[PDB]
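Enquirer: My structure is stored as data.pdb, with PDB, C-alpha atoms and all ligand atoms.
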```pdb
ATOM      1  CA  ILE E   1      76.384  71.682 104.484
ATOM      2  CA  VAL E   2      75.652  68.865 106.959
ATOM      3  CA  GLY E   3      76.790  69.290 110.550
ATOM      4  CA  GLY E   4      78.037  72.843 110.023
ATOM      5  CA  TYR E   5      77.236  76.195 111.591
ATOM      6  CA  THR E   6      75.637  79.463 110.508
ATOM      7  CA  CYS E   7      78.490  81.539 109.062
ATOM      8  CA  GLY E   8      77.082  84.966 109.868
ATOM      9  CA  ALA E   9      76.001  87.514 107.270
ATOM     10  CA  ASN E  10      78.808  88.488 104.871
ATOM     11  CA  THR E  11      81.572  86.713 106.812
ATOM     12  CA  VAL E  12      82.497  84.726 103.672
ATOM     13  CA  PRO E  13      82.689  87.658 101.238
ATOM     14  CA  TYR E  14      84.019  85.692  98.215
ATOM     15  CA  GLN E  15      81.075  83.240  98.281
ATOM     16  CA  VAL E  16      78.687  83.592  95.351
ATOM     17  CA  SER E  17      75.328  82.027  94.558
ATOM     18  CA  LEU E  18      74.667  80.996  90.967
ATOM     19  CA  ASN E  19      71.035  81.671  90.069
ATOM     20  CA  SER E  20      68.894  80.555  87.110
ATOM     21  CA  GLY E  21      65.564  81.472  88.655
ATOM     22  CA  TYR E  22      66.690  79.766  91.889
ATOM     23  CA  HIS E  23      69.955  78.986  93.631
ATOM     24  CA  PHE E  24      71.593  75.969  92.006
ATOM     25  CA  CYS E  25      75.346  76.175  92.762
ATOM     26  CA  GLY E  26      78.030  78.052  94.659
ATOM     27  CA  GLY E  27      81.149  79.725  93.355
ATOM     28  CA  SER E  28      84.054  81.909  94.423
ATOM     29  CA  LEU E  29      84.864  85.439  93.302
ATOM     30  CA  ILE E  30      88.528  85.543  92.241
ATOM     31  CA  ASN E  31      88.661  89.127  90.925
ATOM     32  CA  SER E  32      86.220  91.931  90.190
ATOM     33  CA  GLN E  33      85.003  90.246  87.000
ATOM     34  CA  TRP E  34      85.568  86.468  87.265
ATOM     35  CA  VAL E  35      83.981  83.604  89.202
ATOM     36  CA  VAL E  36      85.299  80.066  89.574
ATOM     37  CA  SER E  37      82.862  77.183  90.016
ATOM     38  CA  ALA E  38      82.455  73.485  89.184
ATOM     39  CA  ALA E  39      82.073  72.421  85.563
ATOM     40  CA  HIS E  40      79.144  70.228  86.623
ATOM     41  CA  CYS E  41      77.365  73.510  87.437
ATOM     42  CA  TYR E  42      77.464  74.597  83.789
ATOM     43  CA  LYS E  43      74.263  75.918  82.252
ATOM     44  CA  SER E  44      73.109  78.864  80.183
ATOM     45  CA  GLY E  45      71.477  82.006  81.533
ATOM     46  CA  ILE E  46      73.391  82.287  84.805
ATOM     47  CA  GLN E  47      72.997  85.285  87.088
ATOM     48  CA  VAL E  48      75.765  85.625  89.676
ATOM     49  CA  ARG E  49      74.580  86.831  93.107
ATOM     50  CA  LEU E  50      77.227  88.463  95.325
ATOM     51  CA  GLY E  51      76.967  89.718  98.877
ATOM     52  CA  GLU E  52      74.262  87.175  99.785
ATOM     53  CA  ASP E  53      73.326  85.817 103.151
ATOM     54  CA  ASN E  54      69.625  84.958 103.029
ATOM     55  CA  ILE E  55      69.086  83.999  99.387
ATOM     56  CA  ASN E  56      65.321  84.529  99.704
ATOM     57  CA  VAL E  57      65.407  88.045 101.222
ATOM     58  CA  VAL E  58      66.911  91.233  99.821
ATOM     59  CA  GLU E  59      68.977  92.433 102.790
ATOM     60  CA  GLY E  60      70.904  95.367 101.292
ATOM     61  CA  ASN E  61      74.420  94.157 100.359
ATOM     62  CA  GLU E  62      73.608  92.124  97.225
ATOM     63  CA  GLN E  63      74.984  92.716  93.745
ATOM     64  CA  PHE E  64      73.255  90.759  90.967
ATOM     65  CA  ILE E  65      75.325  90.536  87.762
ATOM     66  CA  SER E  66      74.641  88.450  84.656
ATOM     67  CA  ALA E  67      77.307  86.173  83.223
ATOM     68  CA  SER E  68      78.727  87.159  79.846
ATOM     69  CA  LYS E  69      80.791  84.031  79.172
ATOM     70  CA  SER E  70      81.304  80.601  80.693
ATOM     71  CA  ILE E  71      84.404  78.490  80.034
ATOM     72  CA  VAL E  72      84.373  74.841  81.119
ATOM     73  CA  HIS E  73      87.835  73.321  81.451
ATOM     74  CA  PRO E  74      88.915  71.840  78.097
ATOM     75  CA  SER E  75      89.470  68.391  79.652
ATOM     76  CA  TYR E  76      86.380  68.131  81.858
ATOM     77  CA  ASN E  77      85.034  64.566  81.895
ATOM     78  CA  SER E  78      81.435  64.506  83.130
ATOM     79  CA  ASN E  79      81.569  60.751  83.792
ATOM     80  CA  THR E  80      84.632  60.775  86.075
ATOM     81  CA  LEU E  81      84.364  64.442  87.178
ATOM     82  CA  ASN E  82      88.061  64.803  86.391
ATOM     83  CA  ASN E  83      88.892  68.503  85.837
ATOM     84  CA  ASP E  84      85.631  69.686  87.449
ATOM     85  CA  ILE E  85      86.247  73.410  87.157
ATOM     86  CA  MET E  86      84.728  76.262  85.187
ATOM     87  CA  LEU E  87      85.254  80.019  84.883
ATOM     88  CA  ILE E  88      82.444  82.582  84.582
ATOM     89  CA  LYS E  89      83.022  86.156  83.373
ATOM     90  CA  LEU E  90      80.665  88.834  84.696
ATOM     91  CA  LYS E  91      79.022  91.304  82.305
ATOM     92  CA  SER E  92      80.333  94.118  84.521
ATOM     93  CA  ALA E  93      82.858  94.333  87.330
ATOM     94  CA  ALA E  94      81.548  93.848  90.851
ATOM     95  CA  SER E  95      82.082  96.663  93.335
ATOM     96  CA  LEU E  96      84.512  95.278  95.918
ATOM     97  CA  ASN E  97      84.165  96.143  99.613
ATOM     98  CA  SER E  98      84.304  94.529 103.074
ATOM     99  CA  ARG E  99      81.322  92.257 102.329
ATOM    100  CA  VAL E 100      82.107  91.531  98.653
ATOM    101  CA  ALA E 101      85.737  90.540  98.183
ATOM    102  CA  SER E 102      87.841  88.266  96.022
ATOM    103  CA  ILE E 103      89.709  85.220  97.328
ATOM    104  CA  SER E 104      93.331  84.766  96.296
ATOM    105  CA  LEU E 105      94.485  81.822  94.204
ATOM    106  CA  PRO E 106      97.068  79.509  95.789
ATOM    107  CA  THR E 107     100.774  79.616  95.002
ATOM    108  CA  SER E 108     101.259  76.087  96.371
ATOM    109  CA  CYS E 109      99.083  73.074  97.053
ATOM    110  CA  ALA E 110      97.902  72.505 100.605
ATOM    111  CA  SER E 111      99.010  69.413 102.510
ATOM    112  CA  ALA E 112      96.884  66.841 104.288
ATOM    113  CA  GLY E 113      96.091  68.005 107.807
ATOM    114  CA  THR E 114      95.491  71.632 106.825
ATOM    115  CA  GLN E 115      92.210  72.938 108.226
ATOM    116  CA  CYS E 116      89.925  74.603 105.662
ATOM    117  CA  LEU E 117      86.571  76.398 105.536
ATOM    118  CA  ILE E 118      83.804  75.042 103.277
ATOM    119  CA  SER E 119      80.585  77.010 102.817
ATOM    120  CA  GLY E 120      77.325  76.900 100.898
ATOM    121  CA  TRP E 121      73.535  76.884 100.801
ATOM    122  CA  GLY E 122      73.221  73.129 100.245
ATOM    123  CA  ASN E 123      71.164  70.476 101.988
ATOM    124  CA  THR E 124      71.769  70.246 105.750
ATOM    125  CA  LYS E 125      70.630  66.629 106.267
ATOM    126  CA  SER E 126      72.281  63.310 105.389
ATOM    127  CA  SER E 127      68.882  61.599 105.084
ATOM    128  CA  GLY E 128      65.977  63.583 103.723
ATOM    129  CA  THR E 129      66.175  67.228 102.710
ATOM    130  CA  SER E 130      66.156  70.622 104.402
ATOM    131  CA  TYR E 131      67.623  73.536 102.566
ATOM    132  CA  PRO E 132      68.713  76.584 104.567
ATOM    133  CA  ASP E 133      68.139  80.149 103.438
ATOM    134  CA  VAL E 134      71.340  81.520 105.106
ATOM    135  CA  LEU E 135      74.945  80.563 104.395
ATOM    136  CA  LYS E 136      76.300  77.541 106.290
ATOM    137  CA  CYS E 137      79.960  76.960 107.189
ATOM    138  CA  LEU E 138      82.110  73.917 107.961
ATOM    139  CA  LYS E 139      85.698  73.598 109.153
ATOM    140  CA  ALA E 140      87.300  70.391 107.902
ATOM    141  CA  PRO E 141      90.824  69.047 107.315
ATOM    142  CA  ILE E 142      92.294  67.900 104.041
ATOM    143  CA  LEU E 143      92.757  64.134 104.210
ATOM    144  CA  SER E 144      95.767  62.150 103.091
ATOM    145  CA  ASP E 145      95.741  60.932  99.504
ATOM    146  CA  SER E 146      96.052  57.350 100.750
ATOM    147  CA  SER E 147      92.928  57.679 102.917
ATOM    148  CA  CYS E 148      91.092  59.366 100.028
ATOM    149  CA  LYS E 149      91.971  56.611  97.542
ATOM    150  CA  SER E 150      91.052  53.969 100.136
ATOM    151  CA  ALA E 151      87.614  55.575 100.534
ATOM    152  CA  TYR E 152      87.001  55.718  96.740
ATOM    153  CA  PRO E 153      89.030  52.939  95.083
ATOM    154  CA  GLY E 154      89.869  53.673  91.460
ATOM    155  CA  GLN E 155      88.079  57.035  91.370
ATOM    156  CA  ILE E 156      90.498  59.660  92.740
ATOM    157  CA  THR E 157      92.721  61.384  90.196
ATOM    158  CA  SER E 158      95.636  63.748  90.776
ATOM    159  CA  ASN E 159      93.175  66.641  90.301
ATOM    160  CA  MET E 160      91.080  65.750  93.363
ATOM    161  CA  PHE E 161      91.474  65.680  97.120
ATOM    162  CA  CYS E 162      89.306  64.532 100.021
ATOM    163  CA  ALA E 163      88.355  66.728 102.963
ATOM    164  CA  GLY E 164      86.106  66.027 105.887
ATOM    165  CA  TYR E 165      85.737  63.299 108.502
ATOM    166  CA  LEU E 166      85.877  59.549 107.992
ATOM    167  CA  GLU E 167      83.453  59.129 110.920
ATOM    168  CA  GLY E 168      80.811  60.957 108.878
ATOM    169  CA  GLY E 169      78.320  63.477 110.212
ATOM    170  CA  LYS E 170      79.918  66.594 108.673
ATOM    171  CA  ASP E 171      80.214  67.197 104.929
ATOM    172  CA  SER E 172      79.195  69.347 101.996
ATOM    173  CA  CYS E 173      76.023  68.236 100.226
ATOM    174  CA  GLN E 174      73.681  68.819  97.278
ATOM    175  CA  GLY E 175      73.500  72.519  96.466
ATOM    176  CA  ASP E 176      77.014  73.221  97.790
ATOM    177  CA  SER E 177      78.394  72.200  94.374
ATOM    178  CA  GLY E 178      80.871  74.656  92.950
ATOM    179  CA  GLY E 179      81.511  76.350  96.289
ATOM    180  CA  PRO E 180      84.818  77.227  97.905
ATOM    181  CA  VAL E 181      87.231  75.303 100.086
ATOM    182  CA  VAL E 182      89.479  77.964 101.624
ATOM    183  CA  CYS E 183      92.629  77.209 103.624
ATOM    184  CA  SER E 184      94.915  79.916 105.053
ATOM    185  CA  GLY E 185      93.143  82.569 102.999
ATOM    186  CA  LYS E 186      93.699  80.863  99.629
ATOM    187  CA  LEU E 187      91.232  79.008  97.401
ATOM    188  CA  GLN E 188      92.340  75.364  97.452
ATOM    189  CA  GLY E 189      89.212  73.430  96.490
ATOM    190  CA  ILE E 190      85.851  73.361  94.751
ATOM    191  CA  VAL E 191      82.904  71.298  96.011
ATOM    192  CA  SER E 192      82.747  68.538  93.400
ATOM    193  CA  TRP E 193      81.319  65.135  94.365
ATOM    194  CA  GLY E 194      80.944  62.342  96.876
ATOM    195  CA  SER E 195      78.894  59.283  97.721
ATOM    196  CA  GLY E 196      75.919  60.868  99.396
ATOM    197  CA  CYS E 197      76.674  63.356 102.183
ATOM    198  CA  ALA E 198      78.199  62.819 105.623
ATOM    199  CA  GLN E 199      78.313  59.004 105.289
ATOM    200  CA  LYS E 200      80.850  56.990 107.276
ATOM    201  CA  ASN E 201      84.085  56.444 105.305
ATOM    202  CA  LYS E 202      82.824  58.598 102.382
ATOM    203  CA  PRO E 203      84.238  62.129 102.762
ATOM    204  CA  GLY E 204      83.616  64.841 100.207
ATOM    205  CA  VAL E 205      85.815  65.060  97.115
ATOM    206  CA  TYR E 206      87.075  68.446  95.900
ATOM    207  CA  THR E 207      88.706  69.826  92.761
ATOM    208  CA  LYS E 208      92.370  70.570  93.482
ATOM    209  CA  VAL E 209      92.618  74.228  92.461
ATOM    210  CA  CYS E 210      96.407  74.509  92.740
ATOM    211  CA  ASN E 211      96.734  72.363  89.586
ATOM    212  CA  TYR E 212      94.700  74.874  87.542
ATOM    213  CA  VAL E 213      96.316  78.206  88.473
ATOM    214  CA  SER E 214      98.170  78.545  85.163
ATOM    215  CA  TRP E 215      95.035  77.717  83.136
ATOM    216  CA  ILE E 216      92.974  80.202  85.184
ATOM    217  CA  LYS E 217      95.534  82.992  84.767
ATOM    218  CA  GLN E 218      96.054  82.480  81.022
ATOM    219  CA  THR E 219      92.301  82.250  80.411
ATOM    220  CA  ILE E 220      91.564  85.421  82.379
ATOM    221  CA  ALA E 221      94.308  87.319  80.556
ATOM    222  CA  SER E 222      92.810  86.592  77.114
ATOM    223  CA  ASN E 223      89.043  86.765  77.653
TER     224      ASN E 223
HETATM  225  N1  LIG P 301      80.159  66.160  99.547
HETATM  226  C1  LIG P 301      79.092  66.681  98.682
HETATM  227  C2  LIG P 301      79.195  66.034  97.313
HETATM  228  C3  LIG P 301      78.125  66.450  96.353
HETATM  229  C4  LIG P 301      78.194  67.411  95.386
HETATM  230  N2  LIG P 301      77.012  67.475  94.698
HETATM  231  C5  LIG P 301      76.148  66.538  95.205
HETATM  232  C6  LIG P 301      74.846  66.220  94.843
HETATM  233  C7  LIG P 301      74.215  65.219  95.540
HETATM  234  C8  LIG P 301      74.870  64.535  96.579
HETATM  235  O1  LIG P 301      74.183  63.549  97.223
HETATM  236  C9  LIG P 301      76.152  64.842  96.936
HETATM  237  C10 LIG P 301      76.819  65.866  96.241
HETATM  238 CA    CA P 302      69.654  88.172 100.039
END
```
Show me the file's structure as structure tokens.
Ligand SMILES: NCCc1c[nH]c2ccc(O)cc12
Ligand SMILES: [Ca+2]
Expert:
Amino acid sequence: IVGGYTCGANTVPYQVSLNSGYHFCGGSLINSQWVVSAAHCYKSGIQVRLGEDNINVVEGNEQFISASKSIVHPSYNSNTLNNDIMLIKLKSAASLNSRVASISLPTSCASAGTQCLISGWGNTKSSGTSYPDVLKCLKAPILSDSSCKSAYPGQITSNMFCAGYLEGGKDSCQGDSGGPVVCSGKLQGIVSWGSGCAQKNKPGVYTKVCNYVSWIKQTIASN
């Protein structure tokens, strides 16, 4: 997260870290046994880490649970990032509490202008690299579809939205991939892609979760 703030330990209780020997992606806990992330985060041998603040220190509220199954969306296109969403089933159910909690799925799509919270352990600089150990947070509005398509001509599908600031300076970045965009207590987006981080006229692009609610629910009910 570039230009954000330190969230505070366990203030984003649905945030997960995906670990394959090291943190490589975020995700969101949607019930005691399922995580939603980006399909571009797919790999084998994932351990899901819940209750994390400092990802390099055991602080006492972590639950580490291996993934039993990963399901990339059937229509994911890795070249366009259309349908950039994946579900991960945990080998066992997490223990839910005040610091480990699920985030609800939306019943309706959010409109441009809605303020949302984006969080992750990604790079904090727009040039060069500095990766934080503690969770970073960013408040950003959803942008109009016309401003999003004007920023990325020919690249924005109906399954994507832009959020952030056209002036630059504040954005998600590398390592925030797969993480949540939460607006009014509902999961509306997944950190997906962009042109660099925090660049003028290049806001972050996010997977539009409201379009996938029926796929998520049907998949969870049968796996
Ligand atoms: N807005 C952050 C977009 C994003 C997701 N993954 C990334 C990886 C590298 C990068 O420069 C940018 C990204
Ligand atoms: Ca920790």
Enquirer: Could you give me, as a VMD selection string, the residues within 7 Å of stretch 8-22 of chain E, counting only C-alpha atoms and dropping anything in the same chain fewer than 2 positions from it?
Expert: chain E and resid 6 24 to 29 45 to 53 99 to 103
Enquirer: Can you list every residue of chain E that has an atom at most 7 Å from ligand CA 302 (chain P), with its nearest atom pair and the distance in Å to one decimal, using only C-alpha atoms and all ligand atoms, ordered by chain then number, as a Markdown table?
Expert:
```
| residue | atom | partner | partner_atom | distance |
| --- | --- | --- | --- | --- |
| E:52 | CA | P:CA302 | CA | 4.7 |
| E:53 | CA | P:CA302 | CA | 5.4 |
| E:54 | CA | P:CA302 | CA | 4.4 |
| E:55 | CA | P:CA302 | CA | 4.3 |
| E:56 | CA | P:CA302 | CA | 5.7 |
| E:57 | CA | P:CA302 | CA | 4.4 |
| E:58 | CA | P:CA302 | CA | 4.1 |
| E:59 | CA | P:CA302 | CA | 5.1 |
| E:62 | CA | P:CA302 | CA | 6.3 |
```
Enquirer: Run the PyMOL selection byres (((not hetatm)) within 10 of (chain P and resi 301)) on the file and write out the hits as an NGL selection string.
Expert: :E and (1-2 or 25 or 38 or 40-41 or 122-123 or 126-127 or 162-164 or 170-179 or 190-199 or 202-206)
Enquirer: Using the chain letters and residue numbers of this document, give as JSON, numbers by chain the residues selected by the PyMOL selection byres (((chain E and resi 89) around 12) and not hetatm).
Expert: {"E": [28, 29, 30, 31, 32, 33, 34, 35, 36, 37, 46, 47, 48, 65, 66, 67, 68, 69, 70, 71, 72, 86, 87, 88, 90, 91, 92, 93, 94, 216, 219, 220, 221, 222, 223]}
Enquirer: I'd like the interatomic distance between atom CA of residue E:97 and atom CA of residue E:60, to a tenth of an Å.
Expert: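 Distance between the two atoms: 13.4 Å.
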Enquirer: Just to confirm, what's the straight-line distance from atom CA of residue E:185 to atom CA of residue E:104 in Å (one decimal)?
Expert: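 Value for the atom CA of residue E:185-atom CA of residue E:104 distance: 7.1 Å.
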Enquirer: Could N, CA and C atoms be built for stretch 160-189 of chain E and written out as a compact mmCIF listing (two decimals), in the frame of the given file?
Expert:
```
# COMPACT_ATOMS: atom_id res chain seq x y z
N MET E 160 92.10 65.81 92.33
CA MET E 160 91.08 65.75 93.36
C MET E 160 91.75 65.55 94.71
N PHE E 161 91.10 66.05 95.76
CA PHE E 161 91.47 65.68 97.12
C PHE E 161 90.22 65.47 97.95
N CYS E 162 90.37 64.75 99.05
CA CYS E 162 89.31 64.53 100.02
C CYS E 162 89.48 65.47 101.21
N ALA E 163 88.36 65.93 101.74
CA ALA E 163 88.36 66.73 102.96
C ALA E 163 87.11 66.37 103.75
N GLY E 164 87.23 66.40 105.06
CA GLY E 164 86.11 66.03 105.89
C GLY E 164 86.48 65.09 107.01
N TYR E 165 85.58 64.16 107.34
CA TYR E 165 85.74 63.30 108.50
C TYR E 165 85.31 61.89 108.13
N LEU E 166 86.21 60.93 108.34
CA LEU E 166 85.88 59.55 107.99
C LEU E 166 84.73 59.01 108.84
N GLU E 167 84.57 59.52 110.07
CA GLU E 167 83.45 59.13 110.92
C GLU E 167 82.10 59.57 110.38
N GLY E 168 82.07 60.44 109.37
CA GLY E 168 80.81 60.96 108.88
C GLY E 168 80.26 62.06 109.76
N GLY E 169 79.03 62.48 109.43
CA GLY E 169 78.32 63.48 110.21
C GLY E 169 78.51 64.91 109.77
N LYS E 170 79.61 65.23 109.08
CA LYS E 170 79.92 66.59 108.67
C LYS E 170 80.47 66.56 107.26
N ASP E 171 79.86 67.32 106.34
CA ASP E 171 80.21 67.20 104.93
C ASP E 171 79.50 68.30 104.15
N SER E 172 79.99 68.58 102.94
CA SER E 172 79.19 69.35 102.00
C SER E 172 78.14 68.44 101.36
N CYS E 173 77.15 69.04 100.71
CA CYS E 173 76.02 68.24 100.23
C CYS E 173 75.45 68.86 98.96
N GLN E 174 74.31 68.34 98.51
CA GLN E 174 73.68 68.82 97.28
C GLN E 174 73.34 70.29 97.42
N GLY E 175 73.67 71.08 96.39
CA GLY E 175 73.50 72.52 96.47
C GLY E 175 74.73 73.29 96.92
N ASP E 176 75.72 72.61 97.50
CA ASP E 176 77.01 73.22 97.79
C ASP E 176 77.97 73.14 96.61
N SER E 177 77.61 72.35 95.59
CA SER E 177 78.39 72.20 94.37
C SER E 177 78.96 73.52 93.90
N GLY E 178 80.23 73.50 93.50
CA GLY E 178 80.87 74.66 92.95
C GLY E 178 81.45 75.60 93.97
N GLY E 179 81.15 75.40 95.26
CA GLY E 179 81.51 76.35 96.29
C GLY E 179 82.96 76.22 96.72
N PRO E 180 83.39 77.14 97.57
CA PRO E 180 84.82 77.23 97.90
C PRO E 180 85.24 76.32 99.05
N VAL E 181 86.50 75.88 98.96
CA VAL E 181 87.23 75.30 100.09
C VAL E 181 88.44 76.20 100.28
N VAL E 182 88.49 76.92 101.40
CA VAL E 182 89.48 77.96 101.62
C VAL E 182 90.36 77.56 102.80
N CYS E 183 91.67 77.59 102.60
CA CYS E 183 92.63 77.21 103.62
C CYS E 183 93.71 78.28 103.67
N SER E 184 93.94 78.83 104.86
CA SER E 184 94.92 79.92 105.05
C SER E 184 94.70 81.07 104.08
N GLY E 185 93.44 81.41 103.82
CA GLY E 185 93.14 82.57 103.00
C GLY E 185 93.36 82.39 101.52
N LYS E 186 93.53 81.15 101.05
CA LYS E 186 93.70 80.86 99.63
C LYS E 186 92.63 79.86 99.19
N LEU E 187 92.20 79.96 97.94
CA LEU E 187 91.23 79.01 97.40
C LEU E 187 91.96 77.72 97.01
N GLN E 188 91.70 76.64 97.74
CA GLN E 188 92.34 75.36 97.45
C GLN E 188 91.41 74.34 96.83
N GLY E 189 90.09 74.46 97.00
CA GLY E 189 89.21 73.43 96.49
C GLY E 189 87.87 73.95 96.02
```
